[PDB]
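Where a number appears in this text, it was derived from the coordinates with a stated rule and is not lab data. Heads up, the Cβs are rebuilt from the backbone with ideal geometry, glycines too, and the neighbour counts pull from every protein chain shown.
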Number of protein chains: 2
Amino acid sequence: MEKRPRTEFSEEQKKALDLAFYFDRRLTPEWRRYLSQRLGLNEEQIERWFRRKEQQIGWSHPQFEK
Amino acid sequence: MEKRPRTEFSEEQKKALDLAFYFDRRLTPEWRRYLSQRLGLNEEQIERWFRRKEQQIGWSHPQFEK
C-alpha cells in the first residue's frame, strides 16, 4: 500500500486526514469535498476515515499513526 | 508532480500539511519528526512549508490550495 489505488485513502492519504481531525474546519460539508478534489476520494471516504479513526476503540481517538 | 521524488513535499504532500497548520499540535518539535516518518521529508521541509505557506503574501495565510 503506497498510493491510493481505488479511491480508498491509502496510507499515504490516511496521514493527511489525521492532520486535520476537524481542527481546521475540516471534515465539514465544505471541506470534505475540498479534500476530495486533490485527495482522491470522495466525502464518503472522508466520513469513513473519520469515524473509523476514533470509533476503532471507543471514540477516544488514541490512534494517530495506528 | 504527483509523488514526492526527493523529499520535497510534492503536491500530494502539500495537501496534508495544510490540514494541520499547527492546529493539532503539529509543526512542533515532536510532530515535525512525526510527520517525517511517514511523510517522507524532514523537519526542515516542514518548517519550509510552514513559513512558505503564509509568508508568501504577508503571513495572513489566505492560501490553502494555492
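The same position residue A:1 in the other copies lies at 2.7 nm from this copy, comparing label points 7 Å beyond Cα toward the beta-carbon, shortest first. Sorted from shortest to longest, the distances between the residue A:33 label points of this copy and the other copies are 4.2 nm, with each point 7 Å from Cα along the line through the beta carbon. Note on the range A:10-46 and the range B:8-25: Cα centroid distance 12 Å, given to the nearest whole angstrom. In order along the range B:42-51, phi translates into HN-Hα couplings of 8, 4, 4, 6, 7, 6, 6, 4, 4, 6 Hz, rounded to whole numbers, per the Karplus curve 6.51 cos²θ - 1.76 cosθ + 1.60 with θ = phi - 60° and x for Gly and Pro.
The Cα atoms of the protein assembly as shown define a convex hull whose projected area, averaged across directions, is 7.9 nm².
Applying 1/(1 + (r/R0)^6) with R0 = 25 Å to the Cβ-Cβ distance of residue B:47 and residue A:7 gives a FRET efficiency near 0.20.
With its label point defined 7 Å out from Cα along the Cα-to-Cβ axis, residue B:47 lies at 4.1 nm from the matching points of the other copies, in increasing order. Rg ratio for chain B: its Cα radius of gyration over 2.2 N^0.38 Å, N being its residue count, equals 1.03. Considering only alpha-carbon pairs that sit under 8 angstrom and 6 or more positions apart, the relative contact order computed for the range B:1-49 is 35 percent.
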